[PDB]
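> Experimental structure and sequence below.
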Amino acid sequence: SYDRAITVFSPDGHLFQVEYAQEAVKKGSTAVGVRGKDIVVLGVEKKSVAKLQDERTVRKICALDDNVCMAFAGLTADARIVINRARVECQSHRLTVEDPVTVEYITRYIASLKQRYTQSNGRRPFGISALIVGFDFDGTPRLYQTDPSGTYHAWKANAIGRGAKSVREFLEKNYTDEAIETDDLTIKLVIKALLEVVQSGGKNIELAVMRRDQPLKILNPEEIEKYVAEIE
Amino acid sequence: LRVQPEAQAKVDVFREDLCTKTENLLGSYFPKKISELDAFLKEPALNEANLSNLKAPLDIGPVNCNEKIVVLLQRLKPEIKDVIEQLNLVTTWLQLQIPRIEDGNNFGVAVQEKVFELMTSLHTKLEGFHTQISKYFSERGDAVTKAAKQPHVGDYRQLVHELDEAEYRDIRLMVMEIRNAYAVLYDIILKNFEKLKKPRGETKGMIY
Amino acid sequence: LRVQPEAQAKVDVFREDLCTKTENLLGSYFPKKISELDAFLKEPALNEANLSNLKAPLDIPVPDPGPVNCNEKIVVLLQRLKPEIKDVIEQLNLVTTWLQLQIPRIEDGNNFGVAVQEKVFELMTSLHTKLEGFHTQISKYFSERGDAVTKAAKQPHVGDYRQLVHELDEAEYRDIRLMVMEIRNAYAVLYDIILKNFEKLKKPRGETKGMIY
Amino acid sequence: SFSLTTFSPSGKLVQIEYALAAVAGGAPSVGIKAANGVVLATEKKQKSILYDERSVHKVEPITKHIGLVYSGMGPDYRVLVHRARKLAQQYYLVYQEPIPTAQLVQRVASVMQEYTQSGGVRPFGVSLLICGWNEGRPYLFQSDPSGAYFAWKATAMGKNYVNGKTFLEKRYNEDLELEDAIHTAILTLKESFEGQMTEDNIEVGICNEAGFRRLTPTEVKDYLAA
Amino acid sequence: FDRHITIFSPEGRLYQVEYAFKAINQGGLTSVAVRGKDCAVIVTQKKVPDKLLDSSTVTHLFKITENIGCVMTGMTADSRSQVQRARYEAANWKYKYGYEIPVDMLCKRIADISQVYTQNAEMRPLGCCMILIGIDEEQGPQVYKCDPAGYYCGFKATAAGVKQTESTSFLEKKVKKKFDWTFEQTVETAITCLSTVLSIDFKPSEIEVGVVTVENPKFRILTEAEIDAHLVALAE
Amino acid sequence: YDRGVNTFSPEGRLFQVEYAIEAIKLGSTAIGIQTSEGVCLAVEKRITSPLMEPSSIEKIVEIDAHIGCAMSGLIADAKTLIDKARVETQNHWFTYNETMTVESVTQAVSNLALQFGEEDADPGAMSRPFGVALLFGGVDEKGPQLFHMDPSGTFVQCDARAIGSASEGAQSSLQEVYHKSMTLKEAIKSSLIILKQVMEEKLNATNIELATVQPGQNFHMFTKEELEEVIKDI
Amino acid sequence: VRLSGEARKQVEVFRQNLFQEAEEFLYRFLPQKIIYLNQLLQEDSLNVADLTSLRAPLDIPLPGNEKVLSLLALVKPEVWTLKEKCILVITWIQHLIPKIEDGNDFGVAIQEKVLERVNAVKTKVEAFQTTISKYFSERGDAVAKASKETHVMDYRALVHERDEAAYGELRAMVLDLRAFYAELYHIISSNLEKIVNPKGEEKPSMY
Amino acid sequence: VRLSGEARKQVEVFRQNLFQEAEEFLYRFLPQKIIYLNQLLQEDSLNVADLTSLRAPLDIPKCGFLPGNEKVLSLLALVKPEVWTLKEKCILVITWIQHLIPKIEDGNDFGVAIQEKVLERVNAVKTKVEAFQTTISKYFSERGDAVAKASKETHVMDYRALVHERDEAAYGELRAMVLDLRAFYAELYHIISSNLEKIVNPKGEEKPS
Amino acid sequence: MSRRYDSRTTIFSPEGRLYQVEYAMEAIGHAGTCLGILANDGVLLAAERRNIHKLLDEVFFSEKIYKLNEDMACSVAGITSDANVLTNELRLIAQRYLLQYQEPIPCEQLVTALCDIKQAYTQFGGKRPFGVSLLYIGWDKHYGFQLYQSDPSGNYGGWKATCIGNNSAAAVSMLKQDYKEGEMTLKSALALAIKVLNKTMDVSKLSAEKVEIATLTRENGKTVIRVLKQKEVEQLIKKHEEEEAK
């Protein structure tokens, strides 16, 4: 087999391999997500295709379970492996425990994989950063972000991909108790969070929402334009 | 060292002044200055086809050279001094944009050094252009003096006629060298500017 | 660039002209000039045993209590050598041009055949440095001898002045015998450099190939 | 334990690119598919008269209806003989039938694909010509070091294959008898091979309805009449 | 890079394998073997640097099986390794197929072991060439030579070592005359070969001569006393 | 890159491990405290944005009722070690039916840290050392015990040890203020004084986390009640 | 960049019009000047190796040689004109330099190797131009020092040596000059595909 | 390329003559010239220990003829032919090694690298021989111009004091050159003889392909 | 062992990309030009043959066009050796699916199954990645007619029309211009391939032997796949032969 260390230290202590991994995270498309009041909403920009691609495989907003969904920004390659093996854990947790999955329980097992891939022999750190968001028991939503390094955080409003820091500046300034008040204001905030990094993109914004007991629902392009129609 | 919000900020203002000039030069001064040399080379005085008429006949006091060629030297000399000034302003600006020295993420620093080394070719050539012009004065002045010393050899009169053409030939070369000094330099700056002015940094890792 | 059936052929025919000339140089011109420079070096003019034979007599009487000329033999020997120098330099540049016309596009695949062309090019520039210098050396021997003869007649006192004139006569004479041996050898050297690698010099990469990888 | 084959900046495979360069530097080999049979002609060049010719043969049978030739590194071909023969027997176990030509060369080239991928193993420096007869259809295939097998009515390889293909652009016609195709391949190698032309130096074999049969030097001597 | 490990050279060569060919040549010993009509003989240089060394303790003739002899030329480190590995094969042959291994398959299996050294980059070729002899009931005397590259072929007259170039020339001169093949007179040809090349006239202890015959398929080593008889008494 | 992991230096040091201890200088400043009446550990959360929740991020977690934790540098490297540390801790009570001593906690962690290697092992082994500086406190029948651990893997009983970026001047400052019998409440005082001085941000209940362990009181995580009291009682 | 939006499009004159103007010189001007120098090489005055026939009469105890000046009248415009065309090729490569990047820089290395050879040719013709001015300086100083030389026939006769060498060098210059036109077009036209488009400008997201 | 039969013969005769000359260079020319200069060094002409008596003081003024140093001028008759000879012979050695360059291959080229190191060592000797030619022409230019300068200047005598130093510096250099020339003969012998195996046969041509 | 010669594909560039993957996309561009079209009546697939010689035979059904299963097919542009590895793995995944659910595998499921295997070598193992780009056609019970394109990095996506290999920038540009979304069907849109394959091929006089065309259409509840007759494709080219005159 192939056995050697990949990521090694540096004279300044920083990790060459891991920093280049987070660099590829920023090179990907811009994805955003927020934790609403009674709901959760995800969104990601779409590079504009010209009259070709099908939106079934292109959709970057997936669902790990009925309780928890996710989005990703980075290399599309490593994203599909995490989505598959996380859904396995969701069914394995229900197989082991009759109680449903917990957003914090599933999130840690995800980022824990990327930590294993970093320190394992011959493996590689992923170039993806995923937003794990879902509903806990009693209906309390939770939004967590992963890291190629294996850490995970908690975020009320979050933005990933290209210009993630630029949108985060719009977040911290315009995020207040006025934000994510209602299902409408939560979605309009996600749209406005994608309006800074958009250059003549227009309709390219696609949205998704999960409402209480119901599972992730994809807003139709016309339903998206309904909330996009109000800008000024 | 400590912090001096006044005296140390005067250095930052000196940098912000050069940063303000650099953007003003690229968007205004350079595009106009490069075009001014185009019409300068298209001037019919530099397009002269027959150089047999510009040969200065020597009387062998009644000693003089071609005044039209000297005027052509007097027209090119300011343009040589104008690019040297603009060459030093960019060279200083490139040095003040150098970030701190670190082992990692040093690729962008080498990119700034690669563009910086492209200026060294211009520092030497521009000084050699004006020095060569001043050398023509001594060559043509001594050729007439040697002809005035021994009134025998007629090749010194042909040597002056050659140096009369040798100047004009190198003028048209230098005019193209001066125009290429602005034009190529203006393209190199635009080729490395926009997102590579700050190649790395302001990105980090979300954690540590 | 636009495609010209004529203007582009002007370079192609110019390359094909150098191909025919190079074959005539290696096959005919070089072996012929080796034997001529061999008999020119073995010539009794350059076969003189004692270097004192070509000392140019100059009568410059030292004051005791004028006619000055050069060595007629050295001038003729230099008059014969200069055409062979002008011929070997011009033809070497044609061979150097021929190899540069055989340089294909720059790619990493099978580029070691071009690396052989680079070594052959460096060997011709080494010859070009020596051959062009010999043309300059003889031009220097003219100014150095003409000035030393003038200085010898300027101060007819020190015996080293009239001696230095005879030493430059001995110097140029042995210098001729060296430069003739150089060009005579440079024909066979360049002949052996090209002919051994001519398989990879004319064909740097295959002929026409590739698998549609 | 690591594969040394990497992608060049132009996209080419450097290790496999030099693999064929070793194949072209070997002995010439040609083949022709015409009429009811396929002929394969190779040139065996010893280093002296002190080496036995009949001891080692370049033309080797795989199964009754299939045989192979090669040009390239000798030892690398001996590995493929064991793996090709053993693969055909594993075929005969499952389907209890002789192996077809298309099925064989597929998984045989897969062995080439494995060692151009798995680490610690160099690619093959050989290129093989595949000869087979199945269900009345003659099969002439050509394999390379990379593992890509094509279909050819006729082909040339090894040394001087450019002039060998030029001969096949003319000397090769359709509706050509197998016997005339053998003498045609001899005319192809007439310019390539120099010196003394004998029946021991050239090695020829064919496959037809009766199956793959290697030719003896005595029979080749009659085929050298041209 | 290509000159160190085993990878394809830009010219198609293998330098790790070719530097091995110089390693067999580096051993400083020249070996010759000739295949006769009724016999196959091997004559190699037996070197004794110091008198403190012993004869039977250092020998270049090894027995793979009873009917197959083996001679080795190169750095002795790689010599003993192949012979033990060959005996793990020849013996295994009888455990499976139930008869003495032929010289054909013995050279094929040993080559395959050496072929892995060239194909697998983890290992290295071995610095000793192997010349295997023997006899079969069909082709009679068998003489093969296996290089570290894995190539082997029937050789009427083979040679190895520093003098291999000069040895091959004299072996051609004898065969060019259609030399009549008899047992002991062929033993001379292999001995006279090394004798004429070095221009020495070796002592009986300076050479090592193996023999195999149709009458005796079991490999034998010629006695040094019998060597002295056919050196001095017959130089003719 | 032109060097190995286990390659020795001409001065007798490891290239790998030397940069480990060199890497921990970028971590978060934290200090442990060992008192006669109990053990006290504090850590700076170092929150990079108000949207990031300081309550979810925990650099001090409960292994056993006696033993706490500490984290610095890369957070996930500590989480990997604390996971197996909590497994072997319950494996102790699963056998001997007793709480694991503070010493046996670090012995299990020191074994897991020393196993670092690449070749001649399984892919499930950790290839590179952790950039974490560990502080394991606790109180048992033997009394309060506080241990220090670095990427090397050693554990030594110490009254107080500073970790993180400020560990240089903090460890010398912890020496001066802490002496003799100084107890819990008196330790929190000098703790929050030195920490607030070295870190950039001002002291706040949500900017740092604090927890203590006593003989009679097991590991108790300080909520908004206890955190807001000790910051204004400084 | 937030640069001024005026005069920005004025660079298209030198990046396109002048860029295409340098293109017309490669496949048209350069081959036509090769045939022109061929007419200069067919001149029978370059093939004469006789000293007395080449050199002009000189009377010293001042007649010069105007036949070499007639050759210089042909050599000077031709050697000096190609220098401008080589300078235009240098700028022609400058417009084709892609933006800074790590990978796919093999096309940049091609532009560096070609432009380095152009600077070599530019230096060779520059050394020729310096030598052109040296024919009058050396010959003028030769007869000047020989004018004071009376009893010495050595140095006075050696003045004609540079007069003969002038004919052989100018013939070698024009011969090497004619090659410079073909070598300049041969190097460019070969790699022209990769010089104009050093990276085929192809970047896929996928990530 | 194409060529006739006489073309090969013109080169072959050159290959045979230069090979026989190179063979007579190592085993005849070199051992003869090593002892030749060694006898000149032991000869009382070059063995003079007193450098003060070898000087040729000249008067400082129908002016009397001022000769050069009789010792230096006579010893340069030994030095000068040996400088021209060694330079001519090294060229034949440089050229003959260049003909031994095997067909250039991109691998197994260390046999060529050996010849490259030999050529660089001979080029270093050839450069020092050319420096000896300058030294021979230096004494005539330095002594000649200065003595007349010492003749026209009667106020400054110490010009002749340097002329006395030119006599001592020359004899020191005249002996140092022939000492180095004999060393060059010894260096060319040991380098070529020890490397003769790889110079003539850089490639064994053992390639099994 | 000899880490000096280890290329370490898993190492990221300072630009944050992969060395081998970036050079893999270029190697695909050197391959032949292949295109595909998703229409209403079915899927359309056409591929040029860059190999042109008088001795070529191609006894198989097609060169760059293969049949994955009953309901699906594929094309290829890239390294020809690694294509057979991916083709076999697609046939293994599709048949192992038939074991459990006893139903034909949908189009999207079979594509994402191999792409996990493609990028698994870029994630670890040290083995070189695959330089093969594959086009996917077929029909499934739910989504129906589908057209998919794959990349050597493991990324993929749905496409209504696309092109792979040489002349990618020119063909795809010419494709979109006249492409009729959900309108122009097999009969009509088949004339576009011949029109595009003639423009993509630099050599004029497009030959039916130099190209290959295969279609897949489900009719009467049964999937039908075939390779179009060269004699008819010639007449299909005879259409394009008379198109510039009229």
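Everything's here; your move. Numbering: from 1, shown residues only, chains lettered A, B, ... in the order given.

> Report all helices and strands that the helix or strand residue G:112 falls within contacts.
In this assignment (DSSP states H and E), residue G:112 forms part of helix G:106-147. Applying 3 or more CB pairs under 8 Å, 6 or more residues apart in numbering or on different chains; DSSP states H and E, one finds that helix G:106-147 contacts helix B:107-149, helix B:155-191, helix G:67-94, helix G:153-157, helix G:159-196. C-betas here are computed from N, CA, C, even on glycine.

> For chain F, which of these is the nearest?
With CB to the nearest CB, the closest approach to chain F among these belongs to helix B:107-149: 14.9 Å.

> Only alpha carbons, please: show the top helix by length along chain E as CSV.
Identified as the longest helix of chain E according to DSSP state H is helix E:76-96. As requested, the backbone C-alpha atoms of helix E:76-96 are provided in CSV (Å, rounded to 0.1, in the frame of the first residue of the first chain):
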residue,chain,number,x,y,z
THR,E,76,29.7,-13.3,-4.7
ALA,E,77,27.1,-11.6,-2.5
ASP,E,78,24.5,-12.1,-5.3
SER,E,79,25.9,-15.5,-6.2
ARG,E,80,24.8,-17.5,-3.2
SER,E,81,21.4,-15.8,-3.1
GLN,E,82,20.2,-17.1,-6.5
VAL,E,83,21.5,-20.7,-5.9
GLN,E,84,19.5,-21.1,-2.7
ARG,E,85,16.5,-19.5,-4.4
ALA,E,86,17.0,-21.8,-7.4
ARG,E,87,17.1,-24.9,-5.1
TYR,E,88,13.8,-23.7,-3.6
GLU,E,89,12.4,-24.0,-7.1
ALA,E,90,14.1,-27.1,-8.6
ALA,E,91,13.1,-29.0,-5.5
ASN,E,92,9.6,-27.6,-5.6
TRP,E,93,9.3,-28.8,-9.2
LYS,E,94,9.6,-32.4,-8.0
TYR,E,95,7.0,-31.9,-5.2
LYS,E,96,4.5,-30.8,-7.9
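
> To residue A:154, which of the helices and strands packed on helix G:106-147 lies closest?
Proximity to residue A:154 (CB to CB) singles out helix B:107-149 among the helices and strands packed on helix G:106-147, at 33.8 Å.

> ok, and does that closest one reach over to chain I?
Yes: counting by CB under 8 Å from any CB of the partner chain, chain I is contacted by helix B:107-149 at residue B:107.

> now what about the longest helix of chain E, what contacts it?
E:60, E:62, E:64-65, E:68, E:70, E:72, E:99-101, E:105-106, E:109-110, E:113, E:126-128, E:130 (CB atoms under 8 Å, 6 or more residues apart in numbering or on different chains).

> Identify the residues contacting the residue most central in space within chain B.
By CA atoms, centre = their mean, the mean C-alpha position of chain B lies nearest to residue B:83, the distance being 4.0 Å. Residue B:83 is in contact with B:122, B:126, B:178, B:181, B:182, counting by CB under 8 Å, 6+ apart.

> what's the burial count for the third one?
So that's residue B:178. 21 (other CB atoms under 10 Å in any protein chain shown).

> now swap in the first one and tell me
Other residues within reach of residue B:122, judged by other CB under 10 Å, total 20.

> swap in the second one?
The number of residues packed around residue B:126, counting by other CB under 10 Å, is 19.

> ok, now how distant is it from residue B:194?
28 Å (CB to CB, to the nearest Å).

> can you check the fourth one too?
When distance is defined by CB to CB, residue B:181 is 23 Å away from residue B:194.

> cool, the last one as well?
With the distance defined as CB to CB, residue B:182 ends up 20 Å from residue B:194.

> Looking at those two, which is more packed in?
In terms of neighbours (other CB under 10 Å), residue B:182 is the more surrounded of residue B:182 and residue B:194; the figures are 22 against 10.
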